[PDB]
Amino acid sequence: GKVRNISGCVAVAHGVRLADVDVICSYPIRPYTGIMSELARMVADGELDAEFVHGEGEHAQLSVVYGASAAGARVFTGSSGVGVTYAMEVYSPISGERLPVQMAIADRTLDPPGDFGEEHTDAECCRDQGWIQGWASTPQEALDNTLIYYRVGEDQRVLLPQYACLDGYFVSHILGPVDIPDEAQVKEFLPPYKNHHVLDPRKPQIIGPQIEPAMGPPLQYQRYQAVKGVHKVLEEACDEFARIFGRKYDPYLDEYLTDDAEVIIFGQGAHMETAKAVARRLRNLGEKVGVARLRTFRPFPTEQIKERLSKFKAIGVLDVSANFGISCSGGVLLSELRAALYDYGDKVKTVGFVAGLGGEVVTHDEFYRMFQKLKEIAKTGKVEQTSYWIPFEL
């Protein structure tokens, strides 16, 4: 398709346009706002026919698309930062009612530190809600994930909402080359939304009746089984996306120079691209370093990680977040990667790096200091403290 140099915001909007979304609900918060601004223009200029609902806030945004998804509309909304936490109540009702709502999150820190830049903290607060979730690291991937998450989420085997996440500023604003698909491609990839229940007076259903505790375990387990089936469907979607669009995504891990790497940095989102640039430079110096970027955060690829990343001497885990009080005092990725690789805990050394707090750039130098810590850990086979908060501690 047409190749354009565009922001992640505008890339997401084209994905939403191509998916022919039926109901959108807007509200402003930096840095995701531009997504809705572009969609508002697209509706005003007739490039997309959708009901464009001015939500009174983020809680309402999610509530509006809850209602619309139950009435059979394909729906889109999004937010950032404290907007993500303000809408928290509604995430579980959406998932538990099996409504494949898509919500874009362009990351913004919570309050405090406030309105400047990104942390993954906001979206990671949602990691229990029963949603598909992953981070785009480029504007192109931002568009592609929009389409892929609609296809996987709305598949009648799944019927689960999705968080299509992208780094604030670093993906949402920074321009990048994006191959925009054409309508014929998307129509072959993305069938129209069809749920197993819908609000329709011709076929009346009662959606969400109160249950007693004894009904709790069956229904929770039912959703669990839906969650556990996502990976298979996502593999199929990634195969079809490669076939139809010509871009081949790994469903779980974007690996770079891991073939004979002895240490890698593991993490997600845009800062991993910076990690790759550092890795290549260190490789030219003869360092056997590599990078594994997590493409799919929920459901977590426990077994795929166990299988594909247990061959390294040391893994440094980047958490661009402030997950306070968590086991091992890094962030969430460190705890979940260790849980995944637990059987290899004696051989595969792991350590967490917390950096990019408050939207700071994770710089080439900081990554250098990360790879150099891993090099040391690999040689001695010992980890001194389970986390380093950069740049205060490393």
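From 1 onward, residues are counted along the sequence shown.
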task = Tell me which of 315-323 and 275-283 has the higher mean C-alpha B-factor in the deposited entry.
result = 275-283
request  = Look up the CA B-factors in the entry and say which stretch, 254-262 or 93-101, has the higher mean.
outcome  = 254-262
Highest recorded Cα temperature factor - choice among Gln205, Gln162, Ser80, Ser310 = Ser310
inquiry  = In terms of recorded Cα temperature factor, pick the maximum from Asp128, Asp182, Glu154, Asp144.
reply    = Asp182
Modelled-residue ranking by C-alpha temperature factor, third containing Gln61 = lowest
task = Taking the chain's C-alpha temperature factors as the reference, tell me which third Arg223 falls into: lowest, middle or highest.
result = lowest
message = For the chain shown, is the CA B-factor of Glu51 in the lowest, middle or highest third of its modelled residues?
response = middle
inquiry  = Which third, lowest, middle or highest, does the C-alpha temperature factor of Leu166 belong to within its own chain?
reply    = middle
task = Ordered by C-alpha B-factor within the chain, which third holds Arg41? Give me lowest, middle or highest, please.
result = middle
